[PDB]
Each structure stands twice: as C-alpha cells, then as structure tokens.
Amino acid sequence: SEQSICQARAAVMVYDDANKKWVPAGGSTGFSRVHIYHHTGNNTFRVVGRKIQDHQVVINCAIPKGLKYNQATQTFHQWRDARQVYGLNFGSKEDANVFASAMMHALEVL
C-alpha cells in the first residue's frame, strides 16, 4: 500500500512559538528514524518518525504539494505547516542529504 523511500536518523524538534524554544517532538530527547512514505495509489507523501529507543511516533506529517523545505544548516532542516514548525537535526551530513533529495523528489512528483 505505501512505500518508505528513505530512512534518516535525526532528532525531531517542534518549535514552541510561546517560549522561542525548540522542544523534542514527543517530549523526549533522542534520535528517531525518520521516513518519507509514498502512498503509491494516491501519489501522496508524509514524513513519519519513531524514536529509536521507544518506537514512539514523534512525527507524522503530510507533505503538501508546495511545502517550503528550508535547509537551515547542513544538519538542521525545517518546514512549516498551519500549526507548527518542524525541525530535523540529522545525525550526519549524509543523512540530511538523502532525506533532502527524497523531499525534493516528493515535491516534484506531487
């Protein structure tokens, strides 16, 4: 039904507008496995991530047809939806590159 086109290691943060603080998505510090999933029937994409130790879902966010994906640093990327700002702090420069090009691909095919 739906395919994982990439798997990077990153710390998923969401932004706390109230306090100008980046907070760990899910409330708990640590790395997660972050996927970009492709629903082959619908041609729709979403970012899904489960923390490495707990297998708790810390992020599950649709990728819309025009998402502005900002690569702030070579290891920190961020994008915005109607509610939050999501950040991925990747474990490696390479993790970020493959995730970034899967994201850039997903936006071209949407």
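Residue numbers run from 1 along the displayed sequence.
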Check the entry's C-alpha temperature factors for 6-14 and 21-29, then say which stretch has the higher mean.
-> 21-29
Taking the mean of the C-alpha B-factors per stretch from the entry, tell me the winner out of 81-89 and 50-58.
-> 50-58
Taking the C-alpha B-factors as the PDB entry records them, is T44 in the lowest, middle or highest third of its chain?
-> middle
Within-chain third of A72 by Cα B-factor, per the entry | highest
